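A.B. asks:
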Amino acid sequence: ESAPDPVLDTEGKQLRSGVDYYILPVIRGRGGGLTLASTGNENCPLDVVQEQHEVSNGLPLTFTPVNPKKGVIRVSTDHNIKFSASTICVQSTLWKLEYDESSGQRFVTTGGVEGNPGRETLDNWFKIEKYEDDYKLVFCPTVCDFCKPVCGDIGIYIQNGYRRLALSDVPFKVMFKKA
């Protein structure tokens, strides 16, 4: 088969693994780039949120394809996503989807384990898909052929006053700025 298209940054260059990017909103006037915050009861692990302030790019992160050797970040392909800088938490900055019993939402949190694609890490794999002239983030892993993950587009869901990321009927349109 043809390889799926590379994801392009805001300067038109192919995204690569091991390179810092900001995930920025395409629709203006709602918030800034993606970042980490303590949203709930405990401080750690941190949750993935949109910055309150529109001027902020948020925090830089990287994408690592499921096929370790591969260097280009492509659409329709599972990735581990993690923020680059250290935080107040020992737990990793690697994105993980988690079901919240009290809201019925599936939120993006952190503390994910890297690699080992399969049922054991099912919730740690994310896709980028085309969305008009930009992109959206999607959870629908194909790392486990006998698993039946609950798939969805990632959108914004307000919880405890934070702009959390969760599976949503309204995709959050994003673009990728090389940091």
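Under the authors' numbering, think of the first position of the sequence shown as 1, with each following residue one higher.
Beta carbons: idealized from backbone N, C-alpha and C, even for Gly.
(1) Could you name each continuous beta strand (DSSP E) segment of 3 residues or more that falls completely within the region 134–168, going from the start of the chain to the end?
(2) For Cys151 versus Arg119, is the C-beta distance shorter than 7 angstroms?
(3) Would you mind giving the Cβ-Cβ distance between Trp125 and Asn80, rounded to the nearest angstrom? I have them listed as a contact below 8 angstroms.
(4) Reducing DSSP to helix, strand and coil, say where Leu61 ends up.
(5) Is the CB-CB distance between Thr109 and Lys127 below 7 angstroms?
(6) Could you check whether the region 41–51 touches the region 155–171, counting it as contact only if at least three pairs of C-beta atoms, one from each stretch, sit closer than 8 angstroms?
(7) So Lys178 and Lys13 are supposed to be a Cβ contact under 8 angstroms. How far apart are they, rounded?
(8) Which whole runs of the alpha helix (DSSP H) in the region 2–87 are 4 residues long or more, in chain order?
C.D. replies: Working from what's here:
(1) 134–139, 152–159, 162–168
(2) no
(3) 7 angstroms
(4) strand
(5) no
(6) yes
(7) 7 angstroms
(8) none
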